[PDB]
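This is what each chain is made of:
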Amino acid sequence: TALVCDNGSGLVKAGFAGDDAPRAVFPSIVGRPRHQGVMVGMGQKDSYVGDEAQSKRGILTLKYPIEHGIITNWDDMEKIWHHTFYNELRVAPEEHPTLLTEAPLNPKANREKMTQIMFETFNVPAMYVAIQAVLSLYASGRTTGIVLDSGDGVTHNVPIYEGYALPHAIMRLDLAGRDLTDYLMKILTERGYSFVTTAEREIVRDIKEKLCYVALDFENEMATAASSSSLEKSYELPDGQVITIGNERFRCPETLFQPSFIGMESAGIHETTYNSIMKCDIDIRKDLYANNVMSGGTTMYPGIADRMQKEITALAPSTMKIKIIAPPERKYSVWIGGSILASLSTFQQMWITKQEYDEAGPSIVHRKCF
Amino acid sequence: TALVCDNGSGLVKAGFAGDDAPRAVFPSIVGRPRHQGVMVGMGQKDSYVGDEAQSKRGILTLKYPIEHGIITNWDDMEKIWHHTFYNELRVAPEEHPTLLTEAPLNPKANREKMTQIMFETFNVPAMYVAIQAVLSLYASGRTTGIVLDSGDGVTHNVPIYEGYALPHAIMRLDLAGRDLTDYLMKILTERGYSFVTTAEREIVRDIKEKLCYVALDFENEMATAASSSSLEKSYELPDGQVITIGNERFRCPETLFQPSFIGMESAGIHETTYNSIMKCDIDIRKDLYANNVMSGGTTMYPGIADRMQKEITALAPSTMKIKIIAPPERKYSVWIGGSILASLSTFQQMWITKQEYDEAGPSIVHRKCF
Amino acid sequence: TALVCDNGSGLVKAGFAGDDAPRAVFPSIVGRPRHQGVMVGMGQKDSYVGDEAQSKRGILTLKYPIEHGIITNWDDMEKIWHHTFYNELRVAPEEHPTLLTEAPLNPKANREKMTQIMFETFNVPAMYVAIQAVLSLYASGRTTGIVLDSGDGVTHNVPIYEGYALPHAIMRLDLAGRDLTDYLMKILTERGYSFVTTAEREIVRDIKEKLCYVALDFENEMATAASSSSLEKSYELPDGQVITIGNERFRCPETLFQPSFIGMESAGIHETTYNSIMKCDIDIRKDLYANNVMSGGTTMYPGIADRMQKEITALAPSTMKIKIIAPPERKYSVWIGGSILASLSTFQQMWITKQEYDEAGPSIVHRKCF
Amino acid sequence: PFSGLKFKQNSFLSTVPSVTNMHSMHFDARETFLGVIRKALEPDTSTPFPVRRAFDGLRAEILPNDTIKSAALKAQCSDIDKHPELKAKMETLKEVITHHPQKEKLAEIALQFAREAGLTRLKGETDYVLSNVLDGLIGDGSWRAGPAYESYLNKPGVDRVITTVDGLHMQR
Amino acid sequence: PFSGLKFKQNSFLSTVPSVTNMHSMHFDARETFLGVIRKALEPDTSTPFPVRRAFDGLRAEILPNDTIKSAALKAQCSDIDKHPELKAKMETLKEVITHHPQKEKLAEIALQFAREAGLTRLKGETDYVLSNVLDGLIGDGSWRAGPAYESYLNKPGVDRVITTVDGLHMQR
Ligand SMILES: Nc1ncnc2c1ncn2[C@@H]1O[C@H](COP(=O)(O)OP(=O)(O)O)[C@@H](O)[C@H]1O
Ligand SMILES: Nc1ncnc2c1ncn2[C@@H]1O[C@H](COP(=O)(O)OP(=O)(O)O)[C@@H](O)[C@H]1O
Ligand SMILES: Nc1ncnc2c1ncn2[C@@H]1O[C@H](COP(=O)(O)OP(=O)(O)O)[C@@H](O)[C@H]1O
Ligand SMILES: [Mg+2]
Ligand SMILES: [Mg+2]
Ligand SMILES: [Mg+2]
């Protein structure tokens with residue numbers, strides 16, 4: 001059976017094709033010790049990966065090998081793939097075809113080097129690099145729709161109709177979960193909670209996931225926070241200290257719809273989706289309006305689907321039927337689609353094989369992969 | 001003396017009739033501050049026009065009031081025209097009749113509004129709205145020929161024979177420099193370069209104008225770029241970073257001949273020119289073949305004329321003599337023609353006057369102007 | 001006339017708008033008597049503020065009401081402000097608008113309580129809270145520049161282009177004086193000198209201001225200190241004992257460029273300034289690479305400007321012209337800017353008045369001040 | 001009054017300033033917001049020409065581009081009791097606004113302007129033209145009670161938590 | 001050999017460990033430093049692919065990220081005379097290092113590794129690979145005897161301190 005590794009800016013989702021869920025979901029991090037040790041027999045490992053890095057983060061400097069969907073540290077990404085194959089899946093990668101995923105409009109070198117590492121360093125019999133939005137539509141089971149994929153690094157729209165992608169209508173926005181984490185760190189300083197430094201980004205990410213939500217009406221929510229104090233919620237740090245967060249619960253995700261508040265000129269995710277649909281042929285827009293598929297962790301905010309429905313409705317003509325599809329498992333939909341795709345009989349001829357690789361080199365990935 | 005204002009999508013070319021070149025050539029942009037505050041006395045000016053907006057680019061959001069030869073923001077277009085009259089030409093418009101231009105097959109409200117503003121806002125004594133391809137033919141000295149005009153917003157060709165236009169043979173493609181600019185920043189992401197802001201779009205436009213060229217044979221140029229580094233050119237960004245581009249140099253202009261690059265179904269400019277000629281009477285085609293005249297910035301790519309010569313020669317019968325006329329003053333041919341037209345003694349009776357406007361209103365423009 | 005800027009962690013700087021320097025500095029200190037009281041005449045007051053708290057440091061427990069830019073003791077702070085008005089400026093605060101300062105990204109309660117004390121317990125007619133880096137740029141005569149302010153509790157970067165701040169590019173490190181001072185007394189221990197809390201911390205601070213300097217090349221300076229005696233210098237304690245200090249006097253401010261000396265994970269002040277740039281628009285960075293404005297007491301180390309010049313010249317494209325602006329009155333630039341700002345006629349509408357305060361309450365400060 | 005008047009939807013979204021610029025210490029909230037509403041009230045070209053000319057006169061008079069004209073109208077409306085024509089024009093335009101197909105989005109923009117740029121800081125003393133526009137968008141007039149604000153100090157749930165860096169230079 | 005080889009500016013800065021960690025009991029200075037150099041020598045994607053593929057292979061052989069290969073190369077370099085190709089390849093790699101656009105920062109990092117982590121503790125007996133890399137960064141080779149460590153025992157200025165350093169002992 002084939003392996004499906006959805007690398008992701010923030011998480012590795014890895015598993016075997018045909019399964020309904022990935023076996024291993026761990027942070028896409030490599031941590032290096034900051035301090036002096038200092039005992040004999042302690043700290044002979046120079047680095048920690050994944051869950052081990054997260055557990056020991058107190059004395060580690062954490063670094064994401066992938067940023068904005070682009071692998072920026074290939075040495076540390078090789079560690080994460082070795083950890084995925086050998087420690088998490090416990091498979092010999094020489095035996096399994098490996099399906100990888102990446103965002104659209106990535107640098108071409110990103111997928112060439114992915115191919116090279118898989119064939120040369122890990123010696124996989126074959127591999128494939130798929131587009132995450134296409135995998136998400138596979139997971140949904142639709143053949144039509146515009147996927148809004150928002151993970152930790154990248155938010156991208158891919159409109160698909162009858163199985164045909166309209167690549168000129170693909171929108172990419174380098175504003176995703178990690179950007180929201182940084183903004184939450186910034187607005188948490190308005191109260192006394194000055195993380196202000198790289199130690200606790202991982203824990204304010206947890207505050208973000210636990211407490212943040214999307215306000216259906218931003219002005220109403222702001223007035224409610226200013227007046228009532230019923231929106232206040234508390235969070236307990238690992239130290240046991242309790243922080244209270246009020247309107248920051250919905251101001252942090254509001255950045256998705258107002259890329260300002262972080263100095264970005266781009267339109268919000270609602271208007272990007274609408275712009276994507278309006279770049280499509282007039283005759284497919286109605287089916288796109290009714291098949292807005294959301295995937296990725298950054299679409300897991302409470303109320304984001306309802307906010308998207310209201311926002312796209314306000315942009316589209318009134319006779320159109322806007323429908324947001326937000327499966328409960330949309331956090332793994334990209335991996336689910338990869339599992340579906342990799343297990344299809346018709347896909348078995350699409351794999352890039354080792355023979356084709358060493359005959360053509362890494363540039364083979366551009367021919368055989370979208 | 002009469003003012004000539006070639007109000008293109010990208011640039012304003014304005015000046016006085018009878019001069020050989022426009023006096024004021026500045027971007028057709030209004031920029032507004034998108035950042036905050038924060039010093040007393042340093043923000044009272046909202047909105048910047050033209051060159052000043054381009055210089056303060058880094059703190060502004062830039063917006064073109066004209067898109068695809070159509071004025072979409074009439075408040076900003078008034079600012080552009082007020083800047084042209086009072087700040088760039090330093091004239092009182094009520095003392096000067098004004099000749100301005102537009103692309104053929106524009107919405108008719110576009111002429112009516114620009115007539116309204118000129119008579120009611122600027123109190124111009126008289127005005128006229130000419131077709132840009134006709135003005136280009138004036139500038140070429142000819143009275144026969146098929147002009148291919150391609151600027152920032154739209155590319156159109158107008159076949160003229162012995163001074164007679166064949167309007168049923170006018171062609172329009174909403175594919176011009178701005179579409180090529182957008183495509184280049186799309187394919188620049190392949191090399192890891194991300195340009196997303198309006199300012200960065202301006203710098204990408206600068207890269208296009210300096211480094212892009214039309215390949216005589218696209219496939220051979222792709223093979224050359226793939227096999228060697230001979231076609232790579234470097235470019236220094238305003239912050240000192242240096243980007244290098246290879247086949248993007250000619251893949252961007254290739255969109256003119258292969259509009260499917262940006263998802264358009266339309267035929268290339270070569271095929272559009274041939275289709276325009278074939279829509280003409282069989283008797284005039286021979287003269288049109290020999291008098292293909294280029295105008296506009298988008299025809300300033302190196303090798304564009306040679307490529308057009310080759311492409312049209314492949315479509316026409318072998319016994320025809322295809323000649324592309326590409327004056328070095330291509331970029332201003334439209335303004336030059338309008339300067340010629342407005343100074344001809346036989347044109348002084350074709351002006352729309354304030355009195356005719358009063359009697360008839362804005363619709364006088366449809367009767368008096370082609 | 002108006003009273004002008006200060007909220008300094010280490011020093012108060014009070015004076016009148018329009019003057020070229022503060023009329024009274026005195027340290028931001030409140031000392032409480034310890035281990036005394038037997039004699040009837042040896043001090044009746046339970047606390048001493050600023051000057052004469054330094055004099056009595058031997059019998060007092062000195063503590064700063066402001067730590068890392070945030071005022072944490074509102075009882076002692078009101079004493080310092082009361083001392084500032086009545087004992088140093090010899091003025092009645094109820095008849096002078098008062099301009100105060102704040103580091104960016106401070107807790108918002110800090111500003112709200114500052115404006116509350118001014119209006120309620122000092123009954124000022126009007127007030128204002130400015131950002132210290134903005135005032136530094138005012139003092140420098142620039143409308144453009146990235147100002148690296150660093151006092152006794154906070155070092156922060158504010159990039160401003162044309163009076164427009166880019167708030168998303170504000171950087172703040174809680175690493176300034178009072179961490180170099182605390183590191184220095186840790187580092188003096190290995191030489192043989194202890195310097196336990198408070199009064200001896202003030203002593204250590206005094207020796208830092210006199211003997212510390214930034215090595216242009218740290219490794220070479222360390223080698224020189226190891227192989228020579230030329231870098232050794234001596235300092236005389238209040239009780240007459242003389243201490244000799246060698247490499248400790250450039251390792252102490254080396255913490256600014258290598259914060260891991262004190263266990264911090266953040267990047268050095270050179271990298272943080274560079275990171276503040278590169279978050280600004282690419283079209284602004286060249287102007288910011290020049291106009292690198294120094295401010296605050298912690299920028300007064302000899303050779304810090306030249307080391308920042310060197311460090312930022314690295315990390316930057318070689319074509320960029322790095323220029324560090326370090327005026328001799330660095331230490332008072334913030335106050336100088338406040339005096340300039342509070343004197344401008346155009347600023348006289350920007351004051352928050354008692355009228356606005358009692359209509360809106362403390363929160364008015366947020367919608368009136370950057 | 002105006003039948004067959006249509007607007008291009010979303011035409012005004014490009015005109016909305018960034019929230020950060022709304023905080024500028026010299027941001028002209030009244031002129032910028034009136035500019036947004038003016039752009040939103042631009043008749044669609046599909047509107048019949050006699051209606052377009054008719055309404056364009058109304059919005060050009062009430063929402064002129066020129067600052068001199070806008071300041072002239074601002075003064076004349078300060079004593080609106082002596083300008084029954086302006087009363088009628090403003091009432092006609094308020095009726096157009098309240099029927100605008102995208103009034104809900106316009107209200108959100110008006111609320112953002114008040115929240116962020118201090119558009120309605122004058123509360124009940126907001127000038128006549130601006131008040132009618134805000135009344136057209138906000139029918140009940142609740143905007144006259146200025147935006148509710150957070151008031152961070154003395155909050156029940158805020159205490160001095162010490163983070164990894166705050167602990168390095170703590171004090172007591 | 002490698003015409004047009006280009007590197008990403010500052011790519012290696014995140015690879016530099018904390019100075020505190022450099023003092024760790026089981027800190028492996030050599031592998032950590034060669035990792036920094038390996039990251040610094042990662043070719044920029046601007047580099048043409050045929051050049052990129054050629055140098056990528058060179059640094060794979062001489063600066064492998066795999067620990068098993070690094071040790072195997074180290075043992076294989078004990079008899080560097082018996083590997084003419086390896087001697088020449090490190091000569092080619094050494095030439096690339098000395099032409100690195102950020103050689104000054106790499107050497108400054110190399111010196112920090114020496115002073116803090118004892119990278120050059122073996123002085124002249126340093127491994128062939130590590131020594132030739134250090135030579136590339138520091139041409140004169142002074143690093144073999146440059147790590148001048150300060151000494152505190154028996155140096156001038158040492159004396160007892162009391163009173164204003166607490167420890168009051170006026171009974172002596
Ligand atoms: N329940 C949740 N609510 C809000 N955000 C979430 C939630 N779960 C995950 N996220 C965010 O989604 C991101 C991870 O999403 P994921 O789809 O794994 O992205 P990637 O594919 O890049 O790993 C994280 O930055 C995290 O903060
Ligand atoms: N030397 C050049 N090479 C390629 N393209 C150019 C050159 N100069 C201008 N252009 C393109 O032409 C456009 C402007 O042409 P112009 O005739 O001024 O159009 P308009 O009349 O609409 O202003 C710009 O979008 C620019 O990208
Ligand atoms: N020449 C100097 N050398 C070293 N440190 C200095 C020097 N002058 C002032 N300082 C330090 O700078 C700090 C004062 O800077 P300042 O801008 O007043 O900070 P604040 O605004 O917090 O009072 C003090 O802690 C002082 O020790
Ligand atoms: Mg994902
Ligand atoms: Mg033109
Ligand atoms: Mg200060």
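Cut-offs and rules
- Residues numbered from 1 in each chain as written, not as in the entry; some residues may be left out.
- Chains lettered and ligands numbered in written order.
- Part of a larger assembly, values for the part shown.
- Heavy atoms only, no water.
- Helix = DSSP H or I, 4+ residues; strand = E, 2+ residues; numbered from the N terminus.
- Rg over C-alpha atoms; globule rule 2.2 N^0.38 Å.
- Buried < 20%, exposed > 50% of the residue type's maximum accessible area, 1.4 Å probe, protein only.
- Contact = heavy atoms within 4.5 Å.
- Areas by Shrake-Rupley, 256 points an atom, 1.4 Å probe, with all protein chains shown as cover.
- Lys, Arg positive; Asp, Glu negative; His and termini not counted.
- Charge placed at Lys NZ, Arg CZ, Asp CG, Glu CD.
- Near = heavy atom within 4 Å.
- Polar contact = N/O pair within 3.5 Å; in protein donor to acceptor, adjacent residues only side chain to side chain.
- Nonpolar A, V, L, I, M, F, W, Y, C, P; charged D, E, K, R; others polar.
- Domains from an automatic or database assignment.
- Buried area = accessible area lost by both parts, 1.4 Å probe.
- Pairing = 2+ DSSP bridges.
- Salt bridge = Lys/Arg side-chain N within 4 Å of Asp/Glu carboxyl O.
- 1 Å grid on protein atoms, 1.4 Å probe; cavity = no way out; pocket = protein on both sides within 12 Å on 5 of 7 lines; lining within 4 Å.
- Points joined across faces, edges and corners; volume = space filled by probe spheres on them.
- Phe/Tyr/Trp six-rings, centres within 6.5 Å; stacked < 30°, edge-to-face > 60°.
- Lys NZ or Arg CZ within 6 Å of the ring centre and 35° of its normal.

Method of determination for the deposited model, per the PDB record: cryo-EM, at 2.6 Å resolution.

Another aspect to go through is the overall build of chain D. Each helix and strand counted, chain D has 7 helices and 0 strands in total. Taken from N to C terminus, the helices and strands of chain D fall in the order α-α-α-α-α-α-α. The globule rule puts the C-alpha radius of gyration for 172 residues at 16 Å, and the 21 Å found for chain D is more than 25% above it. Taken along its principal axes, the extent of the C-alpha atoms in chain D is 75 × 35 × 30 Å. For chain D, the proportion of its 172 residues judged to be buried stands at 51%. In chain D, the share of contacts with a sequence separation of at least 24, taken over all contacts with a separation of at least 6, comes to 73%. Of the roughly 8200 Å² of accessible surface on chain D, a fraction of 54% belongs to carbon and sulfur atoms. A gap of 2 Å separates the mean positions of the 23 positive and 22 negative side-chain charges of chain D.

Ranked by contact count, the leading pair among the 9 pairs of chains in contact consists of chains B and C. There is a gap between chain D and chain E: no contact, and a shortest C-alpha distance of 16 Å.

Residue and element names in this part refer to chain A. Surrounding ligand 1, one finds 17 residues, the nearest of these being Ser-9, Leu-11, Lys-13, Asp-152 and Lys-208. Taking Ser-9, its main chain carries an N or O atom lying 2.7 Å from an oxygen atom of ligand 1. Between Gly-297 and ligand 1, the recorded distance is 2.9 Å, taken from a backbone N or O atom to an oxygen atom. Alone, ligand 1 offers 570 Å² of accessible surface; in the complex the protein occludes 89% of this. Where the shell around ligand 1 is concerned, the elements lending two or more residues are β2 (11-16) and α6 (201-211). Among the residues forming the shell around ligand 1, the class breakdown is 3 nonpolar, 8 polar and 6 charged.

Residues and elements named next belong to chain A. As assigned here, chain A comprises domain 1 (1-26 + 68-133 + 333-366), domain 2 (27-67), domain 3 (134-180 + 270-332) and domain 4 (181-269). Taken together, the contact between domain 3 and domain 4 spans 23 residues of the former and 24 residues of the latter. When domain 3 packs against domain 4, the two sides together hide about 1900 Å² of surface, and 62% of this comes from carbon and sulfur. Contact with domain 4 buries area across many residues of domain 3, yet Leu-180, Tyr-301 and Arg-307 alone supply 35% of it, more than any other trio.

Residue and element names in this part refer to chain C. The alternating pattern of strand β3 (residues 60-63) places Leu-60 and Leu-62 on a buried face, while none of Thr-61 and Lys-63, on the opposite face, is buried. Note: strand β1 (residues 30-33) against β3, 4 bridges, orientation antiparallel. Opposite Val-30, over in β3, you have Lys-63 as the bridge partner.

Another aspect to go through is the interface of chain D and chain C. Between chain D and chain C, the residue contacts involve 16 residues of the former and 22 residues of the latter. Here chain D packs against chain C, burying approximately 1700 Å² in sum over the two surfaces, 57% of which is carbon and sulfur. By the criterion of area lost to chain C, the three top residues of chain D are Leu-153, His-169 and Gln-171 of chain D, representing 36% of everything that side buries. Between the two partners, chain D and chain C, sit 0 salt bridges.

On inspection of all chains with the given rule, the structure shows 83 salt bridges over all chains. Of the charged contacts, one joins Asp-19 of chain B and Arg-23 of chain B as a salt bridge, the two residues approaching to 2.9 Å between their closest N and O atoms. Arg-23 of chain B gets classed as exposed once you look at its relative accessible area, which sits at 53%. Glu-232 of chain C is the partner of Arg-191 of chain C in a salt bridge, and the nearest nitrogen-oxygen pair spans 3.3 Å.

What follows deals with empty space enclosed by the protein. All names here are of chain C. A full pass over the atoms with the stated rule returns 6 cavities of 30 Å³ or more. The volume enclosed by the largest cavity comes to roughly 90 Å³. In this structure, the largest cavity is lined by 13 residues; those nearest its centre are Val-4, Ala-14, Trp-81, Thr-84 and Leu-100. Among the secondary structure elements, those contributing two or more residues to the lining of the largest cavity are α1 (74-88) and β6 (98-102). The element contributing the most residues to the lining of the largest cavity is α1, with 3 residues. Of the residues belonging to the lining of the largest cavity, the class tally is 8 nonpolar, 3 polar and 2 charged.

Another aspect to go through is the layout of surface pockets. Considered as a void within the structure, the second largest pocket measures approximately 1600 Å³ in volume. Along the walls of the second largest pocket sit 48 residues, with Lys-108 and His-366 of chain A together with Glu-190, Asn-247 and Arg-251 of chain B positioned nearest its centre. With 5 residues, the top contributor of residues to the lining of the second largest pocket is helix α7 (residues 218-227) of chain B. Partitioned by chemical class, the residues of the lining of the second largest pocket number 22 nonpolar, 15 polar and 11 charged.

As enumerated under the stated definition, the model contains 34 aromatic pairs over all chains in all. Ring centres of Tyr-213 of chain A and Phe-250 of chain A lie 5.9 Å apart, and the angle between their planes is 50 degrees; this geometry places the pair in the tilted category. With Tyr-213 of chain A in the loop between α6 and α7 (218-227) and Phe-250 of chain A in helix α8 (residues 248-257), this pair connects stretches of sequence that are 37 residues apart. The exposure classification of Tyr-213 of chain A matches that of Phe-250 of chain A, with both residues buried. Ring geometry for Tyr-183 of chain C and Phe-261 of chain C: centres 6.2 Å apart, planes at 40 degrees, overall tilted. With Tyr-183 of chain C in helix α4 (residues 180-191) and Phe-261 of chain C in the loop between α7 (248-251) and α8 (269-276), the pair connects residues that are 78 residues apart, well separated along the chain. You'll find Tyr-183 of chain C and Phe-261 of chain C in the same group, each marked buried. Directly above the ring of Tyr-48 of chain B sits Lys-45 of chain B, whose terminal nitrogen or CZ lies 5.3 Å from the centroid. Over the ring of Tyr-149 of chain D we find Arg-367 of chain C, and its NZ or CZ is 3.6 Å from the ring centre.

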